[PDB]
Amino acid sequence: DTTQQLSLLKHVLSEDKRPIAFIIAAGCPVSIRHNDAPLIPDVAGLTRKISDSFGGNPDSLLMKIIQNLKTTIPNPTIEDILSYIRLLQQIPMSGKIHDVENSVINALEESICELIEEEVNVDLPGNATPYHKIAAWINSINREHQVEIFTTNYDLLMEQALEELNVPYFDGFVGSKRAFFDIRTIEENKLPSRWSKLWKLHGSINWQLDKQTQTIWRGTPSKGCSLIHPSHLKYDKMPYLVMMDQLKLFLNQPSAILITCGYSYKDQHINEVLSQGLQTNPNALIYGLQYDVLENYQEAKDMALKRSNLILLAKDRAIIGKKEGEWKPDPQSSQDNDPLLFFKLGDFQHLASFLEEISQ
Amino acid sequence: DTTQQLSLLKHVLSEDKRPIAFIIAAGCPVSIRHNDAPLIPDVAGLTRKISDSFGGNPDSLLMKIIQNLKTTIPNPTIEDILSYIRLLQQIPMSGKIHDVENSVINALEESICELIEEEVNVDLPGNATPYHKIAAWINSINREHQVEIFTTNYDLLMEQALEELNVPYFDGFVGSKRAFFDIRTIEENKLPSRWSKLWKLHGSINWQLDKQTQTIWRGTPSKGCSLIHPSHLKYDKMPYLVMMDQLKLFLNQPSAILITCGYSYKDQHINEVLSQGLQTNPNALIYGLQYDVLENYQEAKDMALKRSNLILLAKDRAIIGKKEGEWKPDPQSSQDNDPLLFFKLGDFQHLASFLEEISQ
Amino acid sequence: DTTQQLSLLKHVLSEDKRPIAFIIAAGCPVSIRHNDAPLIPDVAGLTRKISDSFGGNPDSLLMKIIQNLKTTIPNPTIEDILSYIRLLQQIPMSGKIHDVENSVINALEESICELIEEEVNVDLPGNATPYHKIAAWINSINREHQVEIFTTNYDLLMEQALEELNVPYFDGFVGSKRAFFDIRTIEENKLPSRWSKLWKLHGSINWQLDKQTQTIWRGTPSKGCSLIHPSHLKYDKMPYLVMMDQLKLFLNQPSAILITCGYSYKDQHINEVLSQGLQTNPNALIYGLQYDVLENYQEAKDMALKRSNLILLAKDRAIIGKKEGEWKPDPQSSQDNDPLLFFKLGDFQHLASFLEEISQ
């Protein structure tokens, strides 16, 4: 099964007559090895470090909120914690819910934001990162269709990799000192064909908001960024709707190609937008790749079974057109002991190596 | 004479069938009044403050260099001082020329650069600045020909004014984290017609250079910028040649229009490039405006007399096609005492008011 | 002033070469007289009846919420009350804010919704209502441009009036048993030219939501409707964004005409959308009519002064192109005593009579 999938992926990627896009999750930064430790500990690591930062004392309001979410949500998420904190802040919640912190909830959320900014403020070491290989593949061959990249992370690894290898791109912000969010050019869609596009679905650490004019602008990491929200803010001083509209418009392009890397399909809004776009345009294709086993993603199974034009692949099994298949009998492991048939090519490092081989 | 000149300027500016460009010098920032003091004291003010920073002690090497330049150059310039310092640094000049500072010349030039960065790092107060009026005039009417702006200053006032009023522009740098200097798109000249262009002839304070790859990039003001040179650097890690080539190419466009504001025509390279472009394309026009009297600019007189398609205007007299004329008898001053016929409309504030009136 | 305004309104309404639209507020239902009492007591009447339903006892949580809003909002609104209740419900707010009702807030909001449904569930008596006259005017002359109607109310008076007089229309829902919200046909915009359109900005009482599929559908009034929200719900299982997008797209049509009836311009979102649409397309016109005096609407004055293509009219004065004018000296009142110059033609009954006269 590996040979056929590799051949078809090579054939579809070699052709320049179809648009290409990617989805970037925490799996891509976590795949980088540094001092035998992950570069970014992902959402789970950030939640564990956030919990350990304030200690195990139950008197802290953070632990009370965590256990309150545990009562409702079996596995709380830092995104959910931030959403709940902002929801509490949106109203004068001075009651028993915030009895421990009558007004220190703002201080707690500011501290959380500062910790996030400090922990995610790193840089790519050297030129051996998979991002450099991706950029080299992108700029190796000129394509008539622009290549866009979608990411839900906060780190600027992709931007640094693209700018190091001389890859022009447009992120929606135009300017030098305080780049503002221009709207007209986004829907004009008349950029030069050699330019690429990078859309920040969940925002970035360098985005800031000014309350004097209530306007957003892209700058440099300062003491507290106002656009750290995981898609939870006010109405449209909010570019999330524009990004979702652009994603939907891309999904409507004929013969669209999209690849998900490191995404666990655990976001309801992204999943529903992808499903609606796939249903609206049957020609759209999704070559989803999961580093973990298929059994851990029931939502991925449901999405694959719901639409016949979603070729989902995993480490063990795959779903190609509403039918589930397993690994064919092949000598995947040379050792006789534990002959596990695992698709190790789904890793970010293996994907980067495959893309580099395709480019050369 | 005022009425005819105003009418012809209004007619030529109202038409959208010809390209428009501007030249920005220290006159534009010096025209802004703040606390009854100039916002930027211009080159002369910077030289005086630089001299006063180290005091009047002759033992300092800076005063020795100043007097050495005085022996040759009757009026030393901070640009000339920087050029001389860089020329000394380019060779192991450990002799009597640098006897006072055997190796402290680097420290002296770093201190000068830091002082320049600190003194020119300001922001536009309010929205009443002439730059806001210029941006409003630019974005008021959509034009089939893009409007470019040329500046030799280091401050980012124009960028802030353009971004505040939602004016997209292209400055040659593309990127988000560390925008690199893309070359191909500059000569492609296939940008959208609604976009504007801002070219930095003398560089900017936010430009930086990395010696690991010897590459330039536009970022944010850090402790010491490597592109503070007034057009005095190495060979082409130098975008000055590209900017001059773009200016020359603009001068070759049919029916080109260009306006100089605050320029004293004291740069040999800019003057020779303008003269060559005007000679190559007779259709090019230069509506030079000087805030000072005509008698103080002999180079302007020579340039105006050398070419018949350069309509030079001053505070007292003007040269329209190699002939010099004076102010016609008109009641310019209501008071009988001192009936000086001065063209007060040449000031930056008056120019901004005129442009605002034209826009409305 | 009355004659010129009437003549220009007749001329613009007689022409069939421009699109026509209307905005319907509580003023239209309140203008119907029944038993010498208003048919619908509008937002203020609904708030008074809601307050009187639970009595003056301070122990009730509803009065506590009302006084809490009074501390912040000088004049609480039932829409604001519903928004605050839903905001409290969105999080486990079991604290002092909901100390009186630890879990009875759901019962309180269900009771409020049931009371709203019961009070707004009426029918048009006879055929003498102004809605019948509006429908007769609409269907009297075939027009090349479809006539759309926008309403923020919950009653179905317009639907009944249109269906009684055999006026086909499209409201976004397609189906017979459980009409679903079709999306594609909304943006297709290829409906027959004789069809009309009625968009529900604030929803309707017959809309329902199923949580099994989390899907909305238009049906019949049942025991509790899930789409009673005054534009306050979850993300896009929400058609409000589609309605706003359609309104904005209509505002972009050349030579667009729009009339506001009974609207007090007290909604920030509607006002900002209208302002943005008017600024984007200068050809758009807004013939706003207010039954009350101009002095009670400061937001209307600000909107009229902000844009030069908004002809606002009131009972006493008017603003035609950023300038405010008063009533010209005319014998508006025959009686000498109290010669008040009031534009009585701005009433809904008078407007219906004028439209009927224009039709015949």
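A few points on the structure. (Residues numbered from 1 in each chain as written, not as in the entry; some residues may be left out. Chains lettered and ligands numbered in written order. Part of a larger assembly, values for the part shown. Heavy atoms only, no water. Residues with missing side-chain atoms left out of burial classes, pairs and counts.)

### Let's talk about the interface of chain A and chain B
Listed as interface residues are 27 residues of chain A and, on the opposing side, 30 residues of chain B. Breaking the side of chain A that touches chain B down by element, the ones donating at least two residues are α8 (157-164), β5 (169-170), β7 (179-181) and α9 (184-188) of chain A. Among the elements that line the side of chain A that touches chain B, the one with the most residues is α8(A), at three residues. Its residues assigned to classes, the side of chain A that touches chain B comprises ten nonpolar, six polar and eleven charged. (Contact = heavy atoms within 4.5 Å. Helix = DSSP H or I, 4+ residues; strand = E, 2+ residues; numbered from the N terminus. Nonpolar A, V, L, I, M, F, W, Y, C, P; charged D, E, K, R; others polar.)

### Section: the sheet that holds strand β12 (residues 285-286) of chain A
What the six strands build is an open sheet, ordered β5-β8-β4-β1-β11-β12 (chain A); its pairing is parallel. At either margin of the open sheet sits one strand with a lone partner, and together these are β5 and β12 of chain A. (Pairing = 2+ DSSP bridges.)

### Examining the relation of the copies chain A and chain B
The two chain copies are connected by a rotation around an axis plus a translation along it. The transform that puts chain A on chain B rotates by 180 degrees and translates by 0.5 Å along the axis, for an RMSD of 0.0 Å. Here the two chains are linked by the operation of a two-fold rotation axis. When the interface residues of chain A are mapped onto chain B, 100% of them again fall at the interface, so both copies present the same face. (Least-squares fit on C-alpha atoms.)

### Looking at the packing of aromatic side chains
Taking the centre distance of 5.5 Å and the plane angle of 75 degrees together, the rings of B:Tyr131 and B:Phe348 count as edge-to-face. When the centroid spacing of 4.7 Å and the interplanar angle of 40 degrees are considered together, the rings of C:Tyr263 and C:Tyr265 count as tilted. An aromatic cluster is present here, built from A:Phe173, A:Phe181 and A:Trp207 joined pairwise through their rings. The ring of B:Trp217 carries the charged tip of B:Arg178 above its face, separated from the ring centre by 4.6 Å. Sitting over the ring of C:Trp137, C:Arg143 keeps its end group 3.8 Å from the ring centre. (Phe/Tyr/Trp six-rings, centres within 6.5 Å; stacked < 30°, edge-to-face > 60°. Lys NZ or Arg CZ within 6 Å of the ring centre and 35° of its normal.)

### Looking at the packing of helix α3 (residues 42-53) of chain B against helix α6 (residues 105-119) of chain B
Residues and elements named next belong to chain B. The N-to-C vectors of α3 and α6 enclose an angle of 130 degrees; their axes lie 11 Å apart at closest approach. By the criterion of interaxial angle, the relationship of α3 to α6 is oblique. For the element pair α3 and α6, the recorded crossing hand is right-handed. Contacts between α3 and α6 pair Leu46, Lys49, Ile50 and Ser53 from the former with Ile112, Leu115, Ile116 and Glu119 from the latter. Here the contact of α3 with α6 is built from residues that sort into five nonpolar, one polar and two charged. (Axes fitted to C-alpha atoms, helices over the stretch in contact; angles between N-to-C directions. Parallel < 35°, antiparallel > 145°, perpendicular 65-115°, else oblique. Left-handed = near helix turned anticlockwise from the far one by under 90°.)

### Overview of the interface of chain C and chain A
One frequently used descriptor of interface size is the decrease in accessible area upon assembly of the parts. In this complex, chain C contributes eight residues to the contact, which on the side of chain A involves nine residues. Along the lines of polarity and charge, the residues of the side of chain C that touches chain A split into four nonpolar, two polar and two charged.

### Observations regarding unusual backbone geometry
Positive phi, normally seen in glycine, also occurs at B:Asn166, with a value near 60 degrees. Locating B:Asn166 in the fold gives a position in the loop between α8 (157-164) and β5 (169-170). Positive phi, normally seen in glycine, also occurs at C:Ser255, with a value near 55 degrees.

### A word on the arrangement of the chains
Contacts are most numerous, across the two pairs of chains in contact, for chains A and B. Contact between chain B and chain C is absent, and the least distance between their C-alpha atoms amounts to 13 Å.

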